[PDB]
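J.: Sequence plus experimental coordinates follow:
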Amino acid sequence: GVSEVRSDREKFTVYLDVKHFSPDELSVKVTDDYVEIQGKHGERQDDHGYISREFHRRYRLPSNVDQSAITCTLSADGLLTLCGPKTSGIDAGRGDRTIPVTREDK
Amino acid sequence: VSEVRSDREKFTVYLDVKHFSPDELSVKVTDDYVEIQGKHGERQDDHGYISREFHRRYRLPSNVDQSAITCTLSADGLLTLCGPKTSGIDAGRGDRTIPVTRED
């Protein structure tokens, strides 16, 4: 559907279709071992109509994802990709933070 | 997800609202527009949680009888709004809340 999670020995990946949402309309944060994605997008419709859509998603993070290294990219086609590098050892990089939503130039 | 039809007899809106239970939907006529809202609180899904809200507005043709607009919702989550057209000036005009009826 709209939301898929993948996991291999190197990383944890979330793929979320957010078609028509702009980077400025998306907020991505790490909060309490979840990645939180919030979006609100409005647009005109035919004959004076209007549609607004809002959502709030939380994805549970495995303990071995390095929260400080999570990235978020948005494609032209509206695919949001969250990438969470996995780590071993002592440095966990755990902590709440705001993740920049970076549009890729493709 | 949306389609609007408008012929000499009626105005019809088809809208996919599959994520929303009937009680999570509100349809109103406000200042000659139809406003449809869907809102649900945090649900659990396989990977975490999700909440959603939408607000969709449609401008009504001046000759739709607002008082006669009906709204039904299919088991598959398709909303159908229908309003007959009438010739009389301001016939049936007025803000109202339109109950979303289950089709079964």
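T.: Received, thanks. Numbering: from 1, shown residues only, chains lettered A, B, ... in the order given.
J.: Name all residues that make contact with residue A:34.
T.: If you count contacts by C-beta atoms under 8 Å, 6 or more residues apart in numbering or on different chains, residue A:34 has them with A:58-61, B:48. (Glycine included, C-beta is placed from N, CA and C.)
J.: Let's see that with 6 Å instead.
T.: By C-beta atoms under 6 Å, 6 or more residues apart in numbering or on different chains, the contact set of residue A:34 is A:58, A:60.
J.: element containing the residue nearest in space to the middle of chain A, please.
T.: The centroid of chain A falls nearest to residue A:82 when counting by C-alpha atoms, centre = their mean (4.8 Å). Taking DSSP states H and E as the criterion, residue A:82 maps to strand A:79-85.
J.: what does the helix or strand following that strand rub up against?
T.: Moving toward the C-terminus from strand A:79-85, the next helix or strand (DSSP H and E) is strand A:97-99. Here strand A:97-99 makes contact (C-beta under 6 Å, 6+ apart) with A:28-30, A:70, A:72.
J.: Restricted to buried residues, select those residues in ChimeraX.
T.: Listed next is the ChimeraX selection for buried residues among the contacts of strand A:97-99, using 16 or more other C-beta atoms under 10 Å in any protein chain shown:
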select /A:28,29,30,70,72
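J.: Save the contacts of strand A:97-99 as JSON lines, and put in secondary structure too.
T.: JSON lines is the format used below for these (DSSP: H, G, I helix; E, B strand; the rest coil):
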{"residue": "A:28", "secondary structure": "strand"}
{"residue": "A:29", "secondary structure": "strand"}
{"residue": "A:30", "secondary structure": "strand"}
{"residue": "A:70", "secondary structure": "coil"}
{"residue": "A:72", "secondary structure": "strand"}
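J.: how about CSV for the contacts of strand A:97-99, with distance to chain B added?
T.: Formatted as CSV, the contacts of strand A:97-99 follow (distance: C-beta to the nearest C-beta, whole Å):
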residue, distance to chain B
A:28, 13
A:29, 13
A:30, 13
A:70, 14
A:72, 16
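J.: circling back to that earlier point, the strand holding residue A:82 close to chain B?
T.: No - Strand A:79-85 does not reach chain B (C-beta under 6 Å from any C-beta of the partner chain); its nearest approach is 11.1 Å.
J.: Dump that strand to CSV, keeping only the CA atoms.
T.: C-alpha atoms of strand A:79-85 as CSV (Å, rounded to 0.1, in the frame of the first residue of the first chain):
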residue,chain,number,x,y,z
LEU,A,79,8.2,8.8,-2.2
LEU,A,80,9.5,9.5,1.3
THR,A,81,12.5,7.3,2.2
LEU,A,82,13.7,7.1,5.8
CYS,A,83,17.0,5.4,6.2
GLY,A,84,18.3,4.2,9.6
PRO,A,85,21.9,2.9,9.6
